[PDB]
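Just so it is clear: chains get the letters A, B, ... in the order the sequence lines come, proteins before strands, and each one is counted from 1. Quick note: numbers below take in every heavy atom, side chains included, and nothing from hydrogens, waters or symmetry partners.
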Amino acid sequence: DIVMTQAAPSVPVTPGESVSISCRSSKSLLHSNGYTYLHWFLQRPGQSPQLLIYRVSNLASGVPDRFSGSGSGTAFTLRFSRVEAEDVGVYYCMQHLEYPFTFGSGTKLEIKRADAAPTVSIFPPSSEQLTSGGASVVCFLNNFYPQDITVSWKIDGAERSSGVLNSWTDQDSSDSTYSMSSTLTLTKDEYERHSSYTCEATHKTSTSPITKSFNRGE
Amino acid sequence: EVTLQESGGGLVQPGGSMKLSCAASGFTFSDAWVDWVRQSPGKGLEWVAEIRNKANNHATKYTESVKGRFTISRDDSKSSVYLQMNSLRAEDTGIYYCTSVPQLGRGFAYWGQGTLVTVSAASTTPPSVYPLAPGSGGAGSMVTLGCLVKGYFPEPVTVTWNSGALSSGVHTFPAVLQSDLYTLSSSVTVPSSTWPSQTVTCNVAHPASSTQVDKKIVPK
Ligand SMILES: CN1[C@H]2CC[C@@H]1[C@@H](C(=O)O)[C@@H](OC(=O)c1ccccc1)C2
């Protein structure tokens with residue numbers, strides 16, 4: 001099979017600057033007919049892939065003028081003349097010379113912006129959930145940057161690690177931030193054995209963990 | 001106006017069968033060579049199969065791992081292509097996209113929206129929806145509310161807020177799977193001047209079970 005390699009798993013870029021993404025094939029993609037069968041695709045978070053450039057340098061219909069491609073044989077480059085925050089997504093190259101067609105692993109474009117601390121919100125189990133024997137405590141850590149964050153849960157000051165369900169959003173296309181949901185899953189019986197529930201977030205924006213907590217007894 | 005629209009996916013039994021369809025419009029389907037590509041965590045995008053146009057004898061080609069199990073076909077009179085999948089395996093789970101090469105050298109120019117295929121013996125289960133309202137008094141300027149959607153299977157569920165009227169301050173997070181099945185949160189941030197004066201409701205749909213639930217977020 002032909003192997004498509006996109007070394008960079010991601011590339012950080014600030015809006016307004018130019019940037020390039022590289023792809024290499026394991027075989028020349030030049031066909032006997034004289035065309036070079038290398039195409040580029042964008043897949044924004046939660047959407048289908050969409051063609052950006054076909055046959056190395058031809059922009060597809062509707063694609064922004066800011067894109068261009070170059071390359072030959074086994075080496076290709078996708079360039080942005082000026083990046084925009086809405087360009088977040090995964091960029092893939094694909095060889096369309098021989099079967100099976102094969103795609104590179106993709107390079108995620110990450111927009112760099114000013115640091116932003118998380119807006120942290122905690123939620124006691126809903127009364128509706130409690131009557132059903134459930135006690136999930138939810139914590140949203142929203143709209144923060146950079147993307148790494150850590151969450152610790154404490155029940156009456158003791159750290160709890162099992163039964164925690166964590167989920168992250170892709171980078172926001174308008175404000176370049178990230179958000180995370182962390183749910184402490186407890187049964188109603190377990191929920192009532194204690195009173196202090198804290199969601200503590202550690203992120204680069206503060207040397208002190210951000211703490212949100214409540215008391216069951218309230 | 002170009003469009004490709006896949007249908008026919010969803011949950012399927014391991015070792016069972018499922019046929020995906022894709023309806024084309026807005027371009028000359030009969031001249032196009034048409035393909036299926038799927039996406040999975042683990043391989044990223046993966047080419048599945050292709051059927052050529054009549055001029056090229058409707059020839060088919062398949063990736064090694066589905067040869068003999070999947071059959072691609074087309075019906076030019078309905079401008080449609082199909083992928084009949086047999087002997088389904090867990091490795092076949094993924095989103096499947098219909099895409100076409102409308103003319104020579106054009107690449108995969110048009111793609112459908114994608115259809116999730118989940119190969120699992122687990123059964124369909126509806127979600128329960130629980131409002132998430134703030135514990136204290138607001139103030140300050142903005143308040144975050146949420147909806148907990150848990151216990152459903154398979155994915156996906158759609159969540160909107162005020163039927164779509166609120167979308168700019170919403171984050172619907174990826175669902176997490178464990179013993180209780182899927183659990184997903186959606187949050188919405190609005191001015192303290194909007195809620196609780198105005199009704200904020202999360203609307204959840206789970207097409208697999210035909211469940212729809214609207215839950216109003218009320219001060220606790
Ligand atoms: C290396 N080639 C070979 C195999 C992949 C790629 C592709 C291409 O050349 O564009 C193929 O042909 C088409 O997909 C096509 C031809 C006519 C009309 C519509 C589509 C022919």
Fill in: Contacting region of B:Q113 [heavy-atom separation from chain A under 4.5 Å]
both
Worksheet item: Going by heavy atoms in the side chains, are A:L51 and B:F108 under 4.5 Å from each other?
Response: no
Fill in: Choice from B:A133, B:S128, B:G146 maximising heavy atom contacts with chain A below 4.5 Å
B:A133
Item to complete: Go through the atoms of A:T102 and report whether side chain, backbone, both or neither lie under 4.5 Å from a heavy atom of chain B.
Response: neither
Worksheet entry | Per-residue contact mode, B:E64 against chain A (heavy atom under 4.5 angstrom) | neither
Worksheet item: When the aromatic ring centroids of A:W40 and A:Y54 are compared, is their separation below 6.0 Å?
Response: no
Worksheet entry | chain A contact via B:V48 - which portion, at a heavy-atom distance below 4.5 Å | neither
Item to complete: Flag the pair A:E128 and B:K216 as a salt bridge only when some basic side-chain nitrogen lies within less than 4.0 angstrom of an acidic carboxylate oxygen.
Response: no
Worksheet item: Relative to chain B, which segment of A:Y35 carries a heavy atom at a distance below 4.5 Å: side chain, backbone, both, or neither?
Response: side chain
Discussion item. What part of A:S127 gets within 4.5 angstrom of chain B, counting heavy atoms only: side chain, backbone, both, or neither?
Written reply: neither
Worksheet item: Between A:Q50, A:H31, A:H39, which residue shows the highest count of heavy-atom pairs closer than 4.5 Å to chain B?
Response: A:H39
Practice prompt. Name the region of B:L45, side chain, backbone, both or neither, that has any atom closer than 4.5 Å to a heavy atom of chain A.
Written response: both
Worksheet item: Using non-hydrogen atoms only, which part of A:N58 is less than 4.5 Å away from chain B: side chain, backbone, both, or neither?
Response: neither
Worksheet item: Side chain, backbone, both or neither: which part of B:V37 has an atom under 4.5 Å from a heavy atom of chain A?
Response: side chain
Fill in: Choice from B:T63, B:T189, B:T144, B:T99 maximising heavy atom contacts with chain A below 4.5 Å
B:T144
Discussion item. What part of B:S65 gets within 4.5 angstrom of chain A, counting heavy atoms only: side chain, backbone, both, or neither?
Written reply: neither
Discussion item. When you measure from the side chain of A:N215 to the backbone of A:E218, do you find a donor-acceptor pair of N or O atoms at a distance under 3.5 Å?
Written reply: no
Discussion item. Taking side chain as everything from C-beta outward and backbone as N, CA, C, O, which of these in B:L4 sits under 4.5 Å from a heavy atom of chain A? Side chain, backbone, both or neither.
Written reply: neither
Worksheet entry | Aromatic contact, B:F173 with A:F140 (centres under 6.0 Å) | yes
Worksheet item: How far apart are the C-alpha atoms of A:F80 and A:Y91, what are their side-chain angles, what is the distance that settles it, and do they pass the ring-ring contact (aromatic ring centres under 6.0 Å, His included) test?
Response: CA-CA 12 Å; A:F80 300 69; A:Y91 291 81; 5.1 Å; yes
Worksheet, complete the sentence: Per-residue tally against chain A (heavy atom, under 4.5 Å) across B:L132, B:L177, B:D35 peaks at B:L132
Worksheet item: What residue in A:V90, A:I53, A:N143, A:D1 has the most heavy-atom pairs under 4.5 Å with chain B?
Response: A:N143
Item to complete: Taking the side chain as every heavy atom from C-beta outward, state whether A:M4 and A:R24 have any pair of such atoms under 4.5 Å apart.
Response: no
Worksheet item: Where on A:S105 is there a heavy atom nearer than 4.5 Å to chain B: the side chain, the backbone, both, or neither?
Response: neither
Worksheet item: Taking atom CG of A:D65 as the centre, does the number of heavy atoms from other residues, nucleotides or ligands within less than 6.0 Å exceed 12?
Response: no
Discussion item. Counting heavy-atom pairs closer than 4.5 Å to chain B, which one of A:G106, A:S181, A:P100 comes out on top?
Written reply: A:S181
Fill in: Charged N-O contact under 4.0 Å between B:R38 and B:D92
yes
Discussion item. Heavy-atom pairs under 4.5 Å with chain B - which of A:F41, A:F214, A:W168 has more of them than the others?
Written reply: A:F41
Item to complete: Could you look at B:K43 and say if it's the side chain, the backbone, both or neither that has a heavy atom under 4.5 Å from chain A?
Response: neither
Worksheet item: So B:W47 and A:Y99, ring-ring contact (aromatic ring centres under 6.0 Å, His included) or not? Walk me through it.
Response: CA-CA 9 Å; B:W47 174 71; A:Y99 297 86; 5.7 Å; yes
Item to complete: Measure from NZ or CZ of B:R69 to the centre of the six-membered ring of B:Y62 and say whether it is under 6.0 Å with the direction within 45° of the ring axis.
Response: no
Worksheet item: Does any N or O in the side chain of A:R216 come within less than 3.5 Å of the main-chain N or O of A:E192, such that one atom is a donor and the other an acceptor?
Response: yes
Worksheet entry | Part of B:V129 within contact of chain A (heavy atom distance under 4.5 Å) | backbone
Discussion item. Please tell me whether A:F101 and A:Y37 form a close aromatic pair, meaning their ring centres lie under 6.0 Å apart.
Written reply: no
Practice prompt. Pick whichever of B:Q178, B:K150, B:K61 has the most heavy-atom pairs under 4.5 Å with chain A.
Written response: B:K61
